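J.:
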Ligand SMILES: [Mg+2]
Ligand SMILES: [Zn+2]
Ligand SMILES: [Zn+2]
Ligand SMILES: [Zn+2]
Ligand SMILES: [Zn+2]
Ligand SMILES: [Zn+2]
């Protein structure tokens, strides 16, 4: 449901609530939540 | 957090004017003019031009605090001469000098051919 | 938490040093009317002290802020502290100072008769 | 014409060196201050980041993009965005640029200011283009990408002056000299043994007569003959820096005149 | 009558007195000074449908009884805040409370969840000049960065002959060396004040 | 920024003439027949709004009302031209039958060029301070003078400002301008609906004694108008009772 | 981290000179002062802006990207 | 002060009656114009009628005393630059002094029939 | 640092290696990971805003990036299983079914109870959303119903801070429980009150910031990034600051790095000579001009680059005010810490300074109306605070004394009431009486 990236193999994953928080490709247990899709405003100062 | 907005160094706020003039009771025929949203760039120019006027007895300015973009210009003139009129003549002569400066720089830059 | 090399001295921290070095009548009785010293034999100064001036100004300013009648004419002054200062200046503060002597006796000195020399 | 005289010694694309005579020190310093702080310039002010997978922070890149110099020749034809009637920004008050950078190469891909692409309508004006000065054709090194890294963003460039932020300053450093022989004695020279030996002569000492060492002090002499070297960042030509500084100071004095007359006629 | 406006966007601060000096040969008289403010309101509704504008222009003339006109999507609303020009019926029937308040301050105080003020242009210390059978009326427009443009307001008390006069004023603007003026004489649909406000909107919008 | 120093009450229809005579004796002024069709507009439910405003203070949405007169030829039902317009005509108006109907009020609202003058009134809940013996309410009002354009109807103007029609009522009554600026109104209220009119003040007249003060900051003026209201109350004791109505009743905010 | 766009003191654009500075150092065999002079940095503020810059961005880039497309 | 106000009234009644006689027959008298010095007590009026060339005026300058009051008639060319009025040309050669008891509407019509020719002659 | 989830991290935008450097630091890798910038420093009494170790920084240099820094703060949270049904969970809470929700926004959270990286957050904004189950059918705070099955145990951002969510890391601990770490990134831009030090014991805060047109300037248009006061030099005898500024000037002119190792044969006369063939006054003085008027300053200014360090004491991390706020559980005095919206200590010797001033009413207002003003009832028979007071029924009674008409009202600090009750627990009777018994 929500988008995650593995720590070192950089694989994209979709996680629901009941899913265990682990990587399905290499078995690593550290996942980073994805960058938001919305545009983010920065003043150039 | 407490830093002021940097456009308030030159942008007049709501309900405030560029100029305000108060009479000065310390000396006869003298005014104090508060220039809002201006600084030393204008202050030194206007004061030094007012001091070139022979009918101006006193001309000084001060920025009382660097936090606030305003300065106070005290002008005292001879009797029968309005300090408002002295400000007008000083500003007009500054305008004329700057126009002559712009014209001279145009002519000399056009004379330059290595650019 | 915090870990800083800038030695900010722990103020009000003397108990470390404490634990380091721990080893080494005739004229007036009760509350009778005699406690009131009469006006003719008052022995205190006729001058208003700095503390008397401060508390009279504070009390009068508090009363003026809480809408007491003002016994001077106003010159456009709105702040109760300067209204109280003007009332002190031309002596229109209807208060008295009860100066307590160490034996429990007291002297009543009105603000009108006290000299404001400071 | 009668007034301040200009004698340009050296002229270049990004430098003008000139002598400014028959003028007051207040006028010369006010012109220097206006050129530093008061000339309107186009610079990137707003950054919308859609993708940033770089090693640099978002506002790091945004600050760099704000400091990128942009062409500002027709900046008077652009309008202040706070004065414009649009909601946030539009073609009348801003220039919209786009940066699209991807690491498709095995080596490090440099993201330059030449990769900024104007996507708004310029309406035939001469603003918005990043300034290229070096011979390689690249601009300022904005970022660096490893393979797989992406930087995807949109800039909104609005006009401003350098008191609001120094990114809007077009004047770099401004060399300013008067009285190279200290004939007015506005400096008292610190020395150990001999001030003339220990203090190097300036390059403008060749354009004035040296003191005769027996003549007395000239108490009537004032400060004129200002040697000024204006440098251009690149946003506007350096002669336009000087000329628009003069014009900006003139509009300030004219605004003082008009405010004075407006409250006089009330 | 009939009204029109000319807005000279790119002009000097002294263009007012220059145009007055150029028109001085035809001036019949001079009247009292006037003032005006031009407020811009943006709609802050997050979900607005298509074919609706978020712009609302609030124009307060300190002449014409100090009246404010709101313009939105070619729709005008005339509003007053003075007690002189209230109809006596609203005072007598208890709908009004004697003294009104300005719609600008009510918008900026208690209708600010819908409309937010962003731009304020104040034309103060203006002049009114009476020509031959006509009224021109000048002011310098002040946005937040000082001067914005020159404003000329054409008033005529007959409407049968107006195009020759407006062409003549445009000609005077031509020999005062101003060629990129925006001239507006459009109507709505329709009284003098609301047509004037719509003309002001069309002139000030590029 | 007006404040209405107000008291409220009610009478039956039988005591209406007795109260008219009594107030005529009190004031020395004859009663003044008046009407004001009040149309009420609430913010659009399809518009997502923010609780904050242009500044950082959070506010509630509020119903804002538009009031104007209706000519009495539109309230005469072609049967009472002969009797003059006075206080005596309010005895006939007891039931729901009013000649002003929903179709004609819709015609008035939609202007089917130029629009009639209106009064735009915005009122919050009265003050919560339980130390004033009279109901103090804050009302901000403009006078909408005229309109034009192809979209010149005042309903569509209210939609442009973002407010849709909710309900409307016609009030008809008589008022007295008595001593020192006290306006005492005595009125009937009918709700105008497409399903039919309804007499809200069923079988009686509503009483509202109010004073408008331009500066509610002027505490001396507030106290003077308040003690004028209590002087009227003391003069009216025994016959009719003046009391402060509920602030929940006088609140015009949109509930959620 | 990466070369600054402008000199801190005066605002001269120096971020376009970093690659040419490195090239003048490594393939023209110039010493650093002559390289700065050939770039045109005559004020020592502009000279130290390039001379003292420690370019840590390739040290950051040697790490694998966290989000890879 | 009463005497100064009375002499002000002396000149102002004459100014009013001359303005009335000029504006009744068709002269567009100007009050938008002011001069710092027009060269006893005197008062100037710059009269113009819009059927003869631009930027030209007739200066009617009354001079008054306790006894006798007369008026000088001159022709001038006044142009305004940057809000300041300057007399580009002054005609002190063909100047005549007449009295208010001697001026009449017929002489004003002769003045109309003369000033057009004079304005044509002055260039 | 980009892959390290440190609790606090401060990174310079543009670290610069020092112009004046030692031979020792290239084994310390100081030229590879430097901790400062070479700021052009003038030693001048310019405006009086650099006195008592204050400094004037260039606002234009600040705008162009002088001493700008990234600040990273990591917030770690866990969901733990206290029992069977008592388990914490990461979710986006809803006000309809969750009790004690914080007044900050929950809208930036996603379905997992976490904010995606890249989203701007401000103070008191919920960044980690956690709920814990509670016992149904209770009565607390009035706003309690049967729908509130959970209560909020969320982690919000620090109330004074803000920034951008840089990274969100979701993993498992040793126990297997899910736990998250949220790194939020902000930018500290230098401002008045930020602390900067040179490498010679010369600490100081920014006194004021001037723009370039207001800064003093040389004949070449060089303005300082920093003005420090001449009075910081002679008493402190930091001659090495002057020598390093001279050496850094020579190094910047020659394109080298200066050898500033301690016990070498490197002299001020040699550095001055090299500065002289670089065409400057040999002792580091330059003729500078006043920025306000353009006139030459009568004194010539010691001018040149100096290595300065941005210290981590920023004024925004230290500014703190409290009108009213939370009270401590025990003493009901203002709590400790600026992060808890706490009070400031009015200690014994601050009280003693007030005593020496003679401000008795201000002292009483500080100790009572500003910390803890507690009303308590005693009786005339025993001085104890064991008087049962029913203010709604207007009924006062003391057990034991059995008196109901001899009740006195006193205002004491809650700390004083706690002291008296602790004495009562320790079997001391601190009987408080409202009348005197013996003479003075
Ligand atoms: Mg200290
Ligand atoms: Zn993996
Ligand atoms: Zn725009
Ligand atoms: Zn530089
Ligand atoms: Zn007891
Ligand atoms: Zn209890």
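Chains as they are written, first to last, in my numbering: chain A, 6 to 50; chain B, 15 to 129; chain C, 233 to 350; chain D, 754 to 1019; chain E, 118 to 323; chain F, 1001 to 1256; chain G, 66 to 134; chain H, 24 to 146; chain I, 20 to 459.
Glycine included, each C-beta is placed from N, C-alpha and C at the ideal position.
#1: Quick one: does the C-beta of residue 243 (chain C) sit closer than 7 Å to a heavy atom of ligand 2?
#2: Rounded to whole angstroms, what is the Cα-Cα separation between residue 214 (chain E) and residue 1208 (chain F)?
#3: On the DSSP bridge list, what partners appear for residue 420 (chain I)?
#4: Given that residue 25 (chain B) touches chain E, what residues does it touch there, using C-beta distances under 8 Å?
#5: Among all the DSSP beta bridges, which residues are the ones paired with residue 160 (chain E)?
#6: Work out the CA separation of residue 105 (chain B) and residue 99 (chain B) for me, nearest whole Å.
#7: Determine the closest residue to residue 785 (chain D) out of D:942, D:1012, D:980, with distance taken between C-alpha atoms.
#8: Residues in the stretch 11 to 36 of chain A with C-beta within 9 Å of chain J's C-beta atoms, listed in sequence order?
#9: Just to confirm, are residue 80 (chain H) and residue 71 (chain H) a CB contact at a threshold of 8 Å?
#10: How far does the beta strand (DSSP E) with residue 324 (chain I) in it extend, from its first residue to its last?
#11: Establish whether the CB of residue 49 (chain A) and some CB of chain D are separated by less than 8 Å.
#12: So residue 339 (chain C) is in the beta strand (DSSP E); what residue range does that whole segment cover?
#13: Determine, using beta carbons only, whether residue 380 (chain I) comes closer than 8 Å to chain C.
#14: What residues from chain I crowd round residue 261 (chain C), counting only those whose CB sits closer than 9 Å?
#15: So, do the stretch 158 to 165 of chain I and the stretch 212 to 220 of chain I have three or more beta carbon pairs nearer to each other than 8 Å?
#16: According to DSSP, what are the bridge partners of residue 332 (chain C)?
#17: Of all the options F:1128, F:1225, F:1166, which has the alpha carbon lying nearest to the alpha carbon of residue 1039 (chain F)?
#18: For the stretch 48 to 63 of chain I against the stretch 119 to 129 of chain H, do three or more pairs of beta-carbon atoms, one drawn from each stretch, fall closer than 8 Å, so that the two count as touching?
#19: Quick one: what does DSSP say residue 177 (chain E) is sitting in, helix, strand or coil?
#20: Taking only the alpha-carbon atoms, compute the straight-line gap between residue 107 (chain B) and residue 89 (chain B) and give it to the nearest angstrom.
#21: Using a Cβ cut-off of 8 Å (strictly closer), state whether residue 212 (chain I) contacts chain C.
#22: Comparing alpha-carbon positions, which option in F:1247, F:1198, F:1252, F:1184 lies nearest residue 1098 (chain F)?
#23: Kindly indicate which residue of D:932, D:996, D:885, D:952 has the alpha-carbon position closest to the one of residue 962 (chain D).
#24: For residue 834 (chain D), is the beta carbon positioned less than 7 Å from some heavy atom of ligand 3?
#25: Please list, in chain order, all residues of the same chain as residue 1169 (chain F) whose beta carbon is under 6 Å from its beta carbon, the five residues on each side excluded.
#26: Kindly indicate which residue of D:856, D:830, D:852 has the alpha-carbon position closest to the one of residue 844 (chain D).
#27: Tell whether a beta-carbon distance below 8 Å holds between residue 345 (chain I) and residue 391 (chain I).
#28: Would you say the beta carbon of residue 908 (chain D) is closer than 7 Å to some non-hydrogen atom of ligand 3?
#29: In the structure shown, what three-state DSSP assignment does residue 1112 (chain F) receive?
#30: Which residues, taken in chain order from the stretch 890 to 913 of chain D, show a beta carbon closer than 9 Å to some beta carbon of chain G?
#31: Of the choices H:90, H:95, H:85, whose alpha-carbon is the least far from that of residue 36 (chain H)?
#32: Using a Cβ-Cβ cut-off of 8 Å, state whether residue 815 (chain D) counts as contacting chain A.
#33: If distances are taken between C-alpha atoms only, which option among E:203, E:290, E:119, E:161 comes closest to residue 224 (chain E)?
#34: Just list the residues that DSSP pairs residue 35 (chain I) with in beta bridges.
T.: Short version:
#1: Position 11 of the third chain, counting from 1, holds the residue named residue 243 (chain C). The answer is no for residue 243 (chain C).
#2: Within the fifth chain, the letter at position 97 stands for residue 214 (chain E). Within the sixth chain, the letter at position 208 stands for residue 1208 (chain F). Using only the alpha carbons, I get a separation of about 14 Å.
#3: If you number the ninth chain from 1, residue 420 (chain I) lands on position 401. Answer is none; residue 420 (chain I) lacks a bridge partner.
#4: The residue labelled residue 25 (chain B) in the question sits at position 11 within the second chain. Near residue 25 (chain B) (Cβ distances below 8 Å), the residues of chain E are 261, 262.
#5: Taking the first residue of the fifth chain as position 1, residue 160 (chain E) is located at position 43. BP columns for residue 160 (chain E) point to E:232.
#6: In the second chain, residue 99 (chain B) corresponds to position 85, counting from 1. In the second chain, residue 105 (chain B) corresponds to position 91, counting from 1. Cα-Cα distance, rounded: 10 Å.
#7: By 1-based counting over the fourth chain, the position of residue 785 (chain D) is 32. A check of alpha carbon separations from residue 785 (chain D) across D:942, D:1012, D:980 identifies D:980 as the nearest.
#8: The question asks about chain J, but that chain is absent: this structure's protein chains are A, B, C, D, E, F, G, H and I.
#9: The sequence position of residue 80 (chain H) within the eighth chain is 57, counting from 1. The sequence position of residue 71 (chain H) within the eighth chain is 48, counting from 1. Their beta carbons are under 8 Å apart, which means residue 80 (chain H) touches residue 71 (chain H) by this criterion.
#10: To locate residue 324 (chain I), count along the ninth chain from 1; it is residue 305. Secondary structure note for residue 324 (chain I): its beta strand (DSSP E) is the uninterrupted segment 320 to 329.
#11: Numbered from its first residue, the first chain carries residue 49 (chain A) at position 44. Chain D, which has a Cβ nearer than 8 Å to the Cβ of residue 49 (chain A), makes this yes.
#12: Here residue 339 (chain C) corresponds to residue number 107 of the third chain, with the count starting at 1. Per DSSP, the unbroken beta strand (DSSP E) holding residue 339 (chain C) starts and ends at 338 to 342.
#13: What you label residue 380 (chain I) is simply residue 361 of the ninth chain in a count that begins at 1. Closer than 8 Å to the CB of residue 380 (chain I) there is at least one CB belonging to chain C.
#14: Position 29 of the third chain, counting from 1, holds the residue named residue 261 (chain C). Within chain I, the residues placing a beta-carbon under 9 Å from that of residue 261 (chain C) are 458, ordered along the chain.
#15: Result no; under three Cβ-Cβ pairs closer than 8 Å.
#16: Here residue 332 (chain C) refers to the residue found at position 100 of the third chain. Bridge partners of residue 332 (chain C): C:338.
#17: As a first step, residue 1039 (chain F) must be located in the sixth chain, where it is residue number 39. Of the listed residues, the one whose Cα sits closest to residue 1039 (chain F) is F:1166.
#18: Under the three-pair Cβ rule at 8 Å, the stretch 48 to 63 of chain I does not count as touching the stretch 119 to 129 of chain H.
#19: For the purposes of this step, residue 177 (chain E) is taken as residue 60 along the fifth chain, with counting starting at 1. For residue 177 (chain E), the three-state secondary structure derived from DSSP is strand.
#20: Locating residue 107 (chain B) in the second chain gives position 93, counting from the first residue. Locating residue 89 (chain B) in the second chain gives position 75, counting from the first residue. So the alpha carbons of these two residues sit roughly 17 Å apart.
#21: Taking the first residue of the ninth chain as position 1, residue 212 (chain I) is located at position 193. Judged by the 8 Å Cβ criterion, residue 212 (chain I) is not in contact with chain C.
#22: In the sixth chain, the residue the question calls residue 1098 (chain F) occupies position 98. Taking the Cα of residue 1098 (chain F) as reference, the smallest distance to any Cα among F:1247, F:1198, F:1252, F:1184 is reached at F:1198.
#23: Taking the fourth chain and counting its residues from 1, the one referred to as residue 962 (chain D) is at position 209. The shortest C-alpha to C-alpha distance from residue 962 (chain D) to any of D:932, D:996, D:885, D:952 is the one to D:932.
#24: For the purposes of this step, residue 834 (chain D) is identified with residue 81 of the fourth chain, where counting begins at 1. Yes, since a heavy atom of ligand 3 falls inside the 7 Å radius drawn around the Cβ of residue 834 (chain D).
#25: As a first step, residue 1169 (chain F) is located in the sixth chain; it is residue number 169 there, counting from the start. 1038, 1189, 1191.
#26: The count along the fourth chain starts at 1 and reaches residue 844 (chain D) at position 91. It is D:830 whose Cα lies nearest to the Cα of residue 844 (chain D).
#27: Start at 1 with the first residue of the ninth chain, and residue 345 (chain I) comes out as number 326. Start at 1 with the first residue of the ninth chain, and residue 391 (chain I) comes out as number 372. Between residue 345 (chain I) and residue 391 (chain I), the C-beta spacing is not below 8 Å.
#28: Mapped onto the fourth chain, residue 908 (chain D) falls at position 155. It does not: the Cβ of residue 908 (chain D) is nowhere closer than 7 Å to a heavy atom of ligand 3.
#29: Counting from 1 along the sixth chain, the entry for residue 1112 (chain F) is found at position 112. DSSP, reduced to helix, strand and coil, places residue 1112 (chain F) outside both helices and strands of the structure shown, so it counts as coil.
#30: The stretch 890 to 913 of chain D vs chain G, Cβ under 9 Å: 891, 892, 893, 894, 895, 896, 897, 898, 899, 900, 901, 902, 903.
#31: Translated into the one-based positions of the eighth chain, residue 36 (chain H) becomes position 13. For residue 36 (chain H), the closest alpha carbon among the candidates H:90, H:95, H:85 is that of H:85.
#32: On the fourth chain, position 62 is the one that residue 815 (chain D) refers to. Yes, because at least one Cβ of chain A sits closer than 8 Å to the Cβ of residue 815 (chain D).
#33: For the purposes of this step, residue 224 (chain E) is taken as residue 107 along the fifth chain, with counting starting at 1. The option with the nearest alpha carbon to residue 224 (chain E) is E:161.
#34: Here residue 35 (chain I) is taken as the residue at index 16 of the ninth chain, counted from 1. DSSP, once it has assigned bridges, lists G:118 as partnering residue 35 (chain I).
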